[PDB]
Amino acid sequence: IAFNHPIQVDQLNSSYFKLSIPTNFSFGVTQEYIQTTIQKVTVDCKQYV
Amino acid sequence: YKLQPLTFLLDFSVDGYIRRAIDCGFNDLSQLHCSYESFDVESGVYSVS
């Protein structure tokens, strides 16, 4: 196994602060499903049984 | 009139006399009455055997 460490941005002790910012847009991603409804089933009694 | 073993929905009045009945095996409607055991069933679409 190996888990990569996230971007490390050190913390200055002066009055300045160090920041890290993006360079590109790279839009888009695959997404989840909510399963709002379920199938409706009716059983005919005296026919199956 | 001949007699045979059936299931009926009987309505007993306060004085214990039967003034209304339904036989379950006649008119899908009457099957629907014998289920719910009532002389009034709400409007809807009901699956029937």
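Scroll up a little and you will see the structure.
Draft legend 1. Representation of the overall build of chain A in the model. In terms of regular secondary structure, chain A is built from zero helices and zero strands. With respect to the three principal axes, the spread of C-alpha positions in chain A is 85 × 30 × 25 Å. Relative to its 49 residues, chain A shows a buried fraction of 0%. When the accessible area of chain A is evaluated, it comes to approximately 6,300 Å², of which 57% is carbon and sulfur surface.

Draft legend 2. How the structure looks around helix α1 (residues 27-34) of chain B. All names here are of chain B. Of all the positions in α1, only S30, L32, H33 and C34 are classed as buried. The inward-facing, buried residues of α1 contact β1 (8-12) and β2 (18-23). A positive phi of about 70° marks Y36, the residue just after α1.

Draft legend 3. Layout of the packing of aromatic side chains. As enumerated under the stated definition, the model contains two aromatic pairs over all chains in all. Considering the side-chain rings of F25(A) and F27(A), the 5.8 Å spacing of their centres and the 5° angle between planes classify their relative orientation as stacked. There is no split in this pair, since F25(A) and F27(A) are both exposed. Considering the side-chain rings of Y36(B) and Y46(B), the 6.2 Å spacing of their centres and the 75° angle between planes classify their relative orientation as edge-to-face. One end of the pair, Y36(B), is in the segment after α1; the other, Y46(B), is in the segment after α1, and 10 residues separate them in sequence.

Basis of the calculations
- Residues numbered from 1 in each chain as written, not as in the entry; some residues may be left out.
- Chains lettered and ligands numbered in written order.
- Part of a larger assembly, values for the part shown.
- Heavy atoms only, no water.
- Helix = DSSP H or I, 4+ residues; strand = E, 2+ residues; numbered from the N terminus.
- Buried < 20%, exposed > 50% of the residue type's maximum accessible area, 1.4 Å probe, protein only.
- Areas by Shrake-Rupley, 256 points an atom, 1.4 Å probe, with all protein chains shown as cover.
- Contact = heavy atoms within 4.5 Å.
- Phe/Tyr/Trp six-rings, centres within 6.5 Å; stacked < 30°, edge-to-face > 60°.

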